[PDB]
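Read the single chain below, which is given as structure tokens and is the form deposited in one PDB entry.
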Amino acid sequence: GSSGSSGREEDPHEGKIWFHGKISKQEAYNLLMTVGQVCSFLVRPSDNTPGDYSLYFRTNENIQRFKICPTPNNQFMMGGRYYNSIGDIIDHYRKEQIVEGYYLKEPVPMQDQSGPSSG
């Protein structure tokens, strides 16, 4: 007895509002400038490198880009740091400026193409 379904399912990580996967690297840029704004960041799965991650922060000056390499201790590394998990890294930065003088206010909202609004 199958006692369950299979085929079309959704992941929890892909449900985060700060997470971004549907978009691309180039889009993310123009996104943080349109859909986002100063004091706004977003996480995206490293394309060129299937297994890593990269943070994209937006500052009045310009858009930056951090590197988050995976660790053999089920954790993530950011700027020579070590946190339990991504979600945490953020909650932490919310207390300790991530830049020389910037703090994480709110991440970038995800776009839901699905909708009646058509040409």
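We number the residues from 1 along the sequence you see.
Not pictured, yet referred to below: the form deposited with a partner chain bound.
Going by a heavy atom distance of 4.5 Å, is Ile86 a contact of the partner chain in the entry with it bound?
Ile86: no, not in contact with the partner chain in the entry with it bound.
I'd like to know whether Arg81 contacts the partner chain in the entry with it bound, with contact meaning heavy atoms within 4.5 angstroms.
Residue-level check for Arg81: yes, a contact with the partner chain.
Check whether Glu10 has any heavy atom within 4.5 Å of a heavy atom of the partner chain in the entry with it bound, and answer yes or no.
Although the partner chain is absent here, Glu10 would stay clear of it in the entry with it bound, with no heavy atoms inside 4.5 Å.
Is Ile98 one of the residues lying within 4.5 Å of the partner chain in the entry with it bound, judged by heavy atom distances?
So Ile98 counts as contacting the partner chain.
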